[PDB]
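All remarks here apply to the structure that follows.
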Amino acid sequence: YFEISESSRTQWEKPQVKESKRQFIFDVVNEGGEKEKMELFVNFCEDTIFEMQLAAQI
Amino acid sequence: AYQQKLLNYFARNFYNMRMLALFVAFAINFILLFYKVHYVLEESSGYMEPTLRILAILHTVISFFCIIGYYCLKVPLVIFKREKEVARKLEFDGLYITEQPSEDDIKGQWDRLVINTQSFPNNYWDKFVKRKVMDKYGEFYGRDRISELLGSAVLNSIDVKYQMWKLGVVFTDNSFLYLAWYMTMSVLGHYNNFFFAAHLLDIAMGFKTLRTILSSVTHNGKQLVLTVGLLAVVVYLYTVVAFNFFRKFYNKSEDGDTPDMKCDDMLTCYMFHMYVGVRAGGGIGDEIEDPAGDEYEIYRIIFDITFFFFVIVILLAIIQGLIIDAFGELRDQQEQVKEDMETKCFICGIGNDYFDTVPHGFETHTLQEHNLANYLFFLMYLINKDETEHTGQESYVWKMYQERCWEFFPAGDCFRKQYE
Amino acid sequence: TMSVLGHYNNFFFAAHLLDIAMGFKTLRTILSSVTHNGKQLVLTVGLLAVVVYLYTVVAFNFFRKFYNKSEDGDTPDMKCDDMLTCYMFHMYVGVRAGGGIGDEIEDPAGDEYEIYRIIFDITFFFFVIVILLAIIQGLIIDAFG
Amino acid sequence: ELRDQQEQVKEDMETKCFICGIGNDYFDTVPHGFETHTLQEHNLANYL
Ligand SMILES: [Ca+2]
Ligand SMILES: [Zn+2]
Ligand SMILES: [Zn+2]
């Protein structure tokens, strides 16, 4: 267990970035190595978090 | 900074500003059919083409600030990943240490110049890898051979070649250039409105509902041009035999007393065929010098007929799989998300049997035990967590993360499986 | 309400024959095979009218002299460079044509604009062909399966 | 069918082995194993 802050949920909820997750999903049920599937997923986590940092200052 | 404060306001307002840009362009190109020296008239109001002189200006400035919000929206994001790439790259292989990218792969070759920027890792918050590899790999080498490799008055005080490096990245986005195309389409059609309609192309990136349709063929088009590439040459075969043996059956002539025209010149008989006989449809036995009594007619009799199928069986078998066999894959691929989303987990990827062996569990198992975006929330948190005040776990997977390893993940080996 | 007024005037009492739609339930398989789909359908024709609306204006700029409904010019010979009918000519004729648009133009023999006319029917021909078929075929087949 | 047949290679190439022909479950019961199981334990051209 850990904490989930509330403000990041407020950055999380946008259907803009939810849709980026969706197309990301449809992309990764398609092509991609499985042993690197979670890798590219991690990179996706990184950029989307950094995005929410961008969405923060708005 | 009020301007920069106002700059955020268009960062706030892009997609609504995006959406109205077309709503200009309808009534723009609605009244562009309201033309008639090129005259335009009036029907209801008092000053209409005066208000045209409003709107073409008005569209163009709308076509400005949308890209500027986009210049501060997507550009810092997509510069980040490329910046994220090379910092991940040069640690992991050291291509500028070792590989020095080949005669292809312009991308890092473009970034062959960014590596010696002094304010280099701007938006990737790990500046020390500019020197950590100088400790990691540059140990094996000279420090100075890597330190020269690595490291009002505003007119002279920027990372000068970095922005110069930055532009060759930003032009490698299509959509920016597509918007820049849209801006160049904004100028000159405003300068002459016999060419201000193709802003109506932007329906292509318009309703996202439509992009299903073009993707149903733009995925396919690599195979498409081969078909017509076959098509032009078989008629180029097919023309020469009549050019050798039936050229007398080729009149565009009006009864011969006219300047009666044959098709045995340099190269037009063939160009006749593809212009007419392909746009014909009803065979080629509709435009020949129609026969009644030749014995060459027998060879002409067969000539239209095998051509007829090679109208029929060619063009249809071009277009039909192009219109249908192209489709069902997209019918499949939109199915294709709906398996693992239903059957197994994403993370443990196991199945619906085990986590709905418990009543109602697999939903919750995907919403407690795996609940993917929790991990996102998690990884924000440990990033903002102190390293010194890590837990055991917060130290642990951090170190796992710091080597980009990911063996902590409950791969196919979830919790309750080993319990009772 | 269809019962009343068509009874009051039987040039309009036939559309009770619409009720075959809810008639044989066997038939409702067919309309459902497209009425499930129709949200995507109108976009296609919504694309269709505008690309010819693109396609009309170039000839309206560069080939308008190839546009005679005229009978040999001694008639009140008719062009297509007025307010908005050249386009309405195209969609009335060239879509209902089928056999390309190189069947109704002022037929060329010797221009150099003919070269640009030569290409003009041809890319239009596919954009008759590759458009309408790819409209209707998945609409008739990918809807079905 | 040709859409199918080009699909049709992508099952046993993914699901089972070629040689032992078993499944992806067993050799990715071990994390990352089935690739390596097809690249150590069966790795077909090794036999060549
Ligand atoms: Ca501590
Ligand atoms: Zn799981
Ligand atoms: Zn095996």
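Readers should treat all values here as calculations from the given coordinates under stated rules, not as data from a laboratory. FYI the Cβ positions are ideal-geometry reconstructions off the backbone, even for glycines, and counts take in every protein chain you see.
So here's what we get for this one:
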| quantity | calculated |
| --- | --- |
| Qualifying residue in the stretch B:72-92 (condition: out of contact with any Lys or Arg (no Cβ under 6 Å at 6 or more places or on another chain), buried (at least 18 other Cβ atoms within 10 Å of the Cβ) and over 30 Å from residue A:55 (Cβ atoms)) | no |
| Residue in the stretch A:1-23 that is surrounded by the most Cβ atoms within 10 Å (Cβ to Cβ), counting only those that are within 28 Å of residue B:403 (Cβ to Cβ) and among the small types (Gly, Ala, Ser) | A:8 |
| Residues (surrounded by 14 or more Cβ atoms within 10 Å (Cβ to Cβ) and in contact with a helix residue (DSSP H, G or I) (Cβ under 8 Å, 6 or more places away or on another chain)) located in the stretch C:33-47 | C:37, C:40, C:41, C:43, C:44, C:47 |
| Matching residues in the stretch B:339-379 - criterion: being within 24 Å of residue A:34 (Cα to Cα) and aliphatic (A, V, I, L, M) | B:341, B:347, B:350, B:367, B:372, B:373, B:376, B:379 |
| Residue ranges of helices (runs of 4 or more DSSP H) in the stretch B:123-181 with at least 1 members within 29 Å of the chain's Cα centre (by Cα) | B:160-170 |
| Residue within the stretch B:345-363 that is surrounded by fewer than 17 Cβ atoms within 10 Å (Cβ to Cβ), away from ligand 1 (no atom under 16 Å from the Cβ) and within 14 Å of chain C (Cβ to nearest Cβ) present | no |
| Scope the stretch B:368-395; condition loosely packed, with under 12 Cβ neighbours inside 10 Å and within 15 Å of ligand 2 (Cβ to nearest atom); matching residues | B:368 |
| Checking residue B:62 against (1) more than 29 Å from the chain's Cα centre (by Cα); (2) of a type outside the set (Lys, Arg); (3) more than 11 Å from every other protein chain (Cβ to nearest Cβ), the condition it does not meet | (1) |
| First in the stretch B:90-104 and farther than 18 Å from residue B:147 by Cβ, second anywhere and assigned to a helix (DSSP H, G or I), Cβ under 6 Å, 6 or more apart | B:101/B:95; B:101/B:108; B:101/B:109 |
| Residue ID - nearest to residue B:356 (Cα to Cα), chosen from residues in the stretch B:396-420 that are among the aliphatic types (A, V, I, L, M) and away from ligand 2 (no atom under 16 Å from the Cβ) | B:397 |
| Filter result for residue D:29 (within 14 Å of chain B (Cβ to nearest Cβ), within 16 Å of ligand 2 (Cβ to nearest atom) and not acidic (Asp, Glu)) | yes |
| Selection status of residue B:291, closer than 30 Å to residue B:249 by Cβ, more than 16 Å from ligand 3 (Cβ to nearest atom) and either more than 11 Å from chain C (Cβ to nearest Cβ) or surrounded by 12 or more Cβ atoms within 10 Å (Cβ to Cβ) (or both) | yes |
| Some residue of the stretch A:24-37 being surrounded by 12 or more Cβ atoms within 10 Å (Cβ to Cβ), facing another protein chain (nearest Cβ under 7 Å) and not in a helix (DSSP H, G or I) | yes |
| Any hit, the stretch D:3-16, residues being within 11 Å of ligand 3 (Cβ to nearest atom), surrounded by 13 or more Cβ atoms within 10 Å (Cβ to Cβ) and more than 22 Å from residue A:32 (Cβ to Cβ) | no |
| Residue match in the stretch B:47-54 (condition: under 23 Å from residue B:191 (Cα atoms), among the aromatic types (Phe, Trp, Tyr) and part of a helix (DSSP H, G or I)) | no |
| Matching residues in the stretch C:102-130 - criterion: being surrounded by fewer than 19 Cβ atoms within 10 Å (Cβ to Cβ), more than 8 Å from chain B (Cβ to nearest Cβ) and under 15 Å from residue C:52 (Cα atoms) | C:123, C:126, C:127 |
| Of residues in the stretch B:214-269 being assigned to a loop (DSSP other than H, G, I, E, B) and small (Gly, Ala, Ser), the one farthest from the other protein chains (Cβ to nearest Cβ) | B:256 |
| Yes/no for residue B:386 being more than 16 Å from ligand 3 (Cβ to nearest atom), charged (D, E, K, R), more than 12 Å from every other protein chain (Cβ to nearest Cβ) and farther than 17 Å from residue A:41 by Cβ | yes |
| Residues being within 18 Å of residue A:42 (Cα to Cα) and either aromatic (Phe, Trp, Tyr) or within 15 Å of ligand 1 (Cβ to nearest atom) (or both) - total across the stretch B:396-420 | 7 |
| Residues that are over 21 Å from the mean Cα position of the chain (by Cα) and in a loop (DSSP other than H, G, I, E, B), drawn from the stretch C:85-121 | C:107, C:108, C:109, C:110, C:111, C:112 |
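For (1) surrounded by 15 or more Cβ atoms within 10 Å (Cβ to Cβ); (2) of a type in the set (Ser, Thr, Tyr), each residue gets a yes or a no:
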site: B:253; (1), (2): no, yes
site: B:263; (1), (2): yes, no
site: B:274; (1), (2): yes, no
site: B:285; (1), (2): yes, no
site: B:301; (1), (2): no, no
site: B:307; (1), (2): yes, no
site: B:313; (1), (2): no, no
site: B:322; (1), (2): yes, no
